[PDB]
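Okay, so here's the structure we're looking at.
Counting neighbours? That spans all protein chains shown, and the Cβs are built from the backbone with ideal geometry, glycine included. Please treat every number below as a calculation from the coordinates, not as lab data.
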Protein chains: 4
Amino acid sequence: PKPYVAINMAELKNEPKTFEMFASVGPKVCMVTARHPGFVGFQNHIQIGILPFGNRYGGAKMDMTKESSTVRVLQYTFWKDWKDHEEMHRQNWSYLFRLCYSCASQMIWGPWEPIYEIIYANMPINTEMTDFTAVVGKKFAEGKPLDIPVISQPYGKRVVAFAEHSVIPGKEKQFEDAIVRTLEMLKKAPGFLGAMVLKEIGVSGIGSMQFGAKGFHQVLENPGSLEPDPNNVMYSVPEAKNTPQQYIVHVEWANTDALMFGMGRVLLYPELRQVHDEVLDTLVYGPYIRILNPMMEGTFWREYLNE
Amino acid sequence: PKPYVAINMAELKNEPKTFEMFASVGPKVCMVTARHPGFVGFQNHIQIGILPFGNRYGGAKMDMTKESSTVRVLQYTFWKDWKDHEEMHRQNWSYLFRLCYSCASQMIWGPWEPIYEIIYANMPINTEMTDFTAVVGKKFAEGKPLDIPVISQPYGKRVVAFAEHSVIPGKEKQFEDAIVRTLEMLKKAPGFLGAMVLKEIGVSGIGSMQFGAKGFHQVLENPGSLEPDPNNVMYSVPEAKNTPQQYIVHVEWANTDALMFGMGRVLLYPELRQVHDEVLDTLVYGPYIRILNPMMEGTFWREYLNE
Amino acid sequence: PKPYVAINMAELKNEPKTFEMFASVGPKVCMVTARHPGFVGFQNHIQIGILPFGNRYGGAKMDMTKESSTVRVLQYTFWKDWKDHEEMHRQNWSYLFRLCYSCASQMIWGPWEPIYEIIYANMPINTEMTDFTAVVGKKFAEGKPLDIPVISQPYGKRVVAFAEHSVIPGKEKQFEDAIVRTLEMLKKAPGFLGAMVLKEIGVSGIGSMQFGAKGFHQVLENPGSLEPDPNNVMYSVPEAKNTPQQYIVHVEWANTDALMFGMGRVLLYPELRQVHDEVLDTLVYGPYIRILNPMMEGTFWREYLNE
Amino acid sequence: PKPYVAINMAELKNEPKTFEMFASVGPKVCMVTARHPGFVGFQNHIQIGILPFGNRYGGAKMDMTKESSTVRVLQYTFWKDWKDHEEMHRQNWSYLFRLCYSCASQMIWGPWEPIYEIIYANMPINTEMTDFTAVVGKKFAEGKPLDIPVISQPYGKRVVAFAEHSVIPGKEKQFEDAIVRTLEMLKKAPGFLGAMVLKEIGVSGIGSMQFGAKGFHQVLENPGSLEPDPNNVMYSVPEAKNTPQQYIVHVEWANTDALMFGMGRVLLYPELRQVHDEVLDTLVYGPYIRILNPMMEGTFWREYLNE
Ligand SMILES: [Cl-]
Ligand SMILES: [Cl-]
Ligand SMILES: [Cl-]
Ligand SMILES: [Cl-]
Ligand SMILES: [Fe+3]
Ligand SMILES: [Fe+3]
Ligand SMILES: [Fe+3]
Ligand SMILES: [Fe+3]
Ligand SMILES: [Zn+2]
Ligand SMILES: [Zn+2]
Ligand SMILES: [Zn+2]
Ligand SMILES: [Zn+2]
């Protein structure tokens, strides 16, 4: 079934100490999150650059890692019910806060953790290049050659286009219909590894360290080993849902050239350009496309999705 | 009277070429904007850093200019009626688009131009250190010594705390009442040069280069000397107003230490801390405080404000 | 009214890591202390050098920062009642101990936190150079030009002479009478920014991490996240008051030259020299004068003082 | 009363030897000029750069001193009657010629010395920052707080905008009326230190070393110690007055940013822009704005002006 998705977003200093912290803290946070039976997996990204759209963002390029002073992370966690995410944070608060707070010395902005429903998904299981022979064998044995996926390699061996949009109130249905038509056509591009559309349903105050005054002071005053009051979050997830309505169109690609020219198909192929124009007409903001590297992940989230 | 404020926001590469184009393009855009009789002035900022709040943003500091790969600009233009801003962009589109588009090679994100109403203002005219003797003389001559302002020096000789907030729906009145009480007390801090509260009323699609499909293609395909269709903006300013409601609390200071400890008065002085806690209880997002340098400005906007 | 003063004293390694810790830990401690309604502010100092008194301390100079292997801090906190300080430490012990203990890797001596009553004060509110025009305007408007203070700039922009004395038992009244007469004359010196006389009333065992055996072992054995028993302090504040009676004469100055020659007025101006000789005749120890930089402060303590 | 102004203009090599000869010769010339009772003072400038007007003069900047191969000087001398200037040169010719001729090895162009009448003046006395307290005290004692000026610091501690204009024949009255209205509004800009409008009345042949054939040969053949015949000047001052009529608009500012944005007020503030447009409509040449540093001056010229 379709899980819900929480995306924890932050910006940190681009230096070795940050990546060192990622290496010790990140695995711990993942293991704590896996304590909850509603957890179905995760996919953690670092932003490597920005799609320049020709020279619309002429100061940007798809790989800015060697020049950037900051690193942006987008950590997706997948949940049977979005309420599971909220419960997980509260049940494991002593561990999670103290773990997450240890990133403090490196933080510039965040964390900010919106929650999304998946309104469209065409996403395969991941496989390594060693796996395909057995996958092919099994699918033919089962009489299901149509179920043989493209090879979508895990652990930093493919790239993601993360396309941000916000939509004019009243045009949500037009956007959703047109973006699905667009992605159904886009899947013909070489190196296409899948797509999904995430629709924001709210924001996790607890995941964003956004408390009332009491919790705010506890966070600012913290030596690192004392929890802020998790009950001091002043708003429910849906109370923070944005209008204009926000969407992420998440598309995965074999490599950055396939991404550039593949995403570009919505601009270069007349038939698809006409369809995609119906998406463009609905926007308040965007499209703004971040280029992400899915480095650390729990690939079994796609098994839940495709079961 | 209180003008409306449009704030054009963008992120560009932090390199000499960017600042060079600021120097040639910036003055031109300002002169074009001044063609409209509803224009009452401007105050252009570069972000120099971020308030770390102890080590809540421990990777940040108040002056990050020597290490940052990007520069963020926040250009305030002030208008008798916000409709004047929209009219100005459309009446002068050929010049403005071609001027603004010349920044393309340096752009990473933006432009994004929300529009604000000022719901509270305690902001003095600017004066240089050479002026105070005549100002004092004139105010005493007029029998109005209470109208003698602090010395708020123009053109990069003071600093701004730009504090971003979004508020839980239904708590807007509580936020507004508490922030005004907070700022009325905050004015006692040494080096305080004024404050105002900006409440978002919408976003300028034209100022944000956010068009329908037709205009988007025209932007992407532009050699630099052809206007997109300015009539192809698909939403009015108020249609893009955010919920949760966004506010900027803009506070000016003699220097970065006065800013750090002055803004800190809302955390360190028990009486003010209690009042400011009422603000904190209302938030979905924030406070996040950017440190800005008001470099290029048309100081006469404060003459309109205080007339 | 006159607050009481706790002065937390420590000596630490003079290296970047110490100043980095100051930057993250210091603000947190200040915010925790502000939790108590009897807290009226603070003034934190680093010692920059020692007054050489000609060549009496010929190895010393007013600014020894570039050569010294250690840095001494003197953190003043101001309290409506000295009992408020003791209550604050105990009410906020879990945060304060863990925060203060994080300074351990840098500590050479301390902390030691004597408590003082203020027996004489002539101390103005602080103002930045931008503020004076409004201050002058307001005072004249109120018909109180005599209430216009000198400009005492906050946040490291003036210097302090911290003059240590201990007095022969039985000569306390002579010392107190003579030092007040001295300071009343000293205020004529150029660049004089105020003075106060602090008389020790005791020592905070809890602030000095001075426990009985149980708490001592807990401190020595601490991983950093476990409180010693705050009830294991074996003496009350007044039980630790010193005899010979100790006093600090705290005098503020525009700059170090004004300090040197201004404090020197008590040696160089015959009329004042005769008065100051009455102070000198009472001493067991001193005068020993430390030169301090008041870097981080909550200036509103002077508002409480002068209200 | 308003004095007349002679402005001796020259261009010399930008090298130490030039500035060395400024230091020995300049004072001597000033002392000789002061022999005449009609001399009321002087204000000598070096051009430090050119106002680029955005990128209209994109090769220029306000401070070109580090890159320029030449230095332009503009030496103002002030006279009760312009005839006094002519008489002074002739009465002191042996000294002046031999002094002025010693600059020869450094000269590239000039000297050229037009004479001007002041048709508008709003110019304060100069004061150092040490003076303002006594000035304020005296003006209040006299009951004339409106006579307290801005602080216009002498000797290289402010900057001058030297704005060249020539006017269409028959439009002189329109120019003069509009420029006065403009300057009366301009005085509101922060850091404005005064303005005056100079109208050319002719050129001093003797000050410009412009003789008939006899004197020209004597100049060219001079060993440095023999006067050309001062009676060999072939034209009177008014005979050389230019048509189109030339004007200098001379505006003084606290610093180059105040100059740039202050002068810019005539382009950026719609109300002033409309008035200044009446000036622009009258021009044959200009505005061309030189940025000057008033280094060596006899400040008492402003005492004569304002008496
Ligand atoms: Cl797109
Ligand atoms: Cl805040
Ligand atoms: Cl002494
Ligand atoms: Cl001009
Ligand atoms: Fe989360
Ligand atoms: Fe705009
Ligand atoms: Fe203490
Ligand atoms: Fe002359
Ligand atoms: Zn798209
Ligand atoms: Zn706040
Ligand atoms: Zn003494
Ligand atoms: Zn002009």
Query - Residue list for segment B:234-287, filter: at the interface with chain A (Cβ under 8 Å from one of its Cβ atoms) and acidic (D, E) - result: B:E239, B:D277, B:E278, B:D281
Query - Only one of B:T77, B:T70, B:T65, B:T18 that is among the β-branched types (V, I, T) and more than 30 Å from A:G49 (Cα to Cα) - result: B:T77
Query raised in the report: Using beta carbons and a limit of 8 Å, which pairs, at least six apart or on different chains, have the first residue in segment D:262-280 and more than 13 Å from B:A34 (Cα to Cα) and the second one within 16 Å of ligand 8 (Cβ to nearest atom) and part of a helix (DSSP H, G or I)?
Result: none
Report summary line: If we ask which residues in segment D:43-70 are farther than 10 Å from D:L292 by Cβ, surrounded by fewer than 22 Cβ atoms within 10 Å (Cβ to Cβ) and touching a residue at least 60 places away in the same chain (Cβ under 8 Å), their number turns out to be 4
Report task. Hey, can you tell me all the residues within segment A:180-200 that are among the β-branched types (V, I, T) and either within 14 Å of chain B (Cβ to nearest Cβ) or more than 22 Å from the chain's Cα centre (by Cα) (or both)? Result -> A:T182
Report summary line: Selection from segment B:288-307 of residues β-branched (V, I, T) and either within 17 Å of B:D177 (Cα to Cα) or within 7 Å of another protein chain (Cβ to nearest Cβ) (or both) yields B:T299
Query - Residues satisfying the stated conditions in segment B:71-99, i.e. within 12 Å of another protein chain (Cβ to nearest Cβ) and surrounded by fewer than 23 Cβ atoms within 10 Å (Cβ to Cβ) - result: B:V71, B:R72, B:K80, B:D84, B:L99
Report task. Name, by its number, the condition in (1) buried (at least 20 other Cβ atoms within 10 Å of the Cβ); (2) in contact with a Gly (Cβ under 8 Å, 6 or more places away or on another chain); (3) within 8 Å of another protein chain (Cβ to nearest Cβ) that does not hold for B:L220. Result -> (1)
Query raised in the report: For segment B:124-134, how many residues are aliphatic (A, V, I, L, M) and touching a helix residue (DSSP H, G or I) at 6+ places or on another chain (Cβ under 7 Å)?
Result: 1
Report task. Pick out the one residue from A:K13, A:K66, A:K28, A:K17 that is farther than 22 Å from A:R302 by Cβ and touching a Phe, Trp or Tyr at 6+ places or on another chain (Cβ under 9 Å). Result -> A:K28
Query raised in the report: Does D:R302 fit the bill of being among the basic types (K, R), crowded, with 20+ Cβ neighbours inside 10 Å and away from ligand 12 (no atom under 16 Å from the Cβ)?
Result: yes
Report summary line: A:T127 vs (1) among the hydroxyl-bearing types (S, T, Y); (2) farther than 27 Å from B:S166 by Cα; (3) under 14 Å from the mean Cα position of the chain (by Cα): all pass except (3)
Query raised in the report: Which members of segment C:150-179 meet the condition of being surrounded by fewer than 19 Cβ atoms within 10 Å (Cβ to Cβ) and either within 14 Å of chain B (Cβ to nearest Cβ) or within 16 Å of ligand 8 (Cβ to nearest atom) (or both)?
Result: C:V150, C:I151, C:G156
Requested in this report: Scan segment C:171-182 and report the pairs whose first residue is within 8 Å of C:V279 (Cβ to Cβ) and whose second residue is polar (S, T, N, Q), with Cβ atoms within less than 7 Å and a gap of 6+ or a chain change.
Outcome: C:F175/C:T282
Query - Filtered residues of segment D:1-37 (kept if small (G, A, S) and surrounded by 12 or more Cβ atoms within 10 Å (Cβ to Cβ)) - result: D:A6, D:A10, D:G26, D:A34
**Report entry** Residue ranges of helices (runs of 4 or more DSSP H) in segment A:188-307 with at least 1 members within 30 Å of A:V150 (Cα to Cα)
**Finding:** A:256-263, A:265-268, A:270-280, A:301-306
Report task. Report, by residue number, each residue of segment B:254-286 that is away from ligand 10 (no atom under 12 Å from the Cβ) and either under 22 Å from the mean Cα position of the chain (by Cα) or of a type in the set (A, V, I, L, M) (or both). Result -> B:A254, B:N255, B:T256, B:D257, B:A258, B:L259, B:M260, B:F261, B:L268, B:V284, B:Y285
Report task. State whether one or more residues within segment D:79-89 are hydrophobic (A, V, I, L, M, F, W, C) and within 16 Å of ligand 4 (Cβ to nearest atom). Result -> no
Query raised in the report: Any residue in segment A:104-113 that is surrounded by 15 or more Cβ atoms within 10 Å (Cβ to Cβ), more than 30 Å from B:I291 (Cα to Cα) and touching a residue at least 12 places away in the same chain (Cβ under 8 Å)?
Result: no
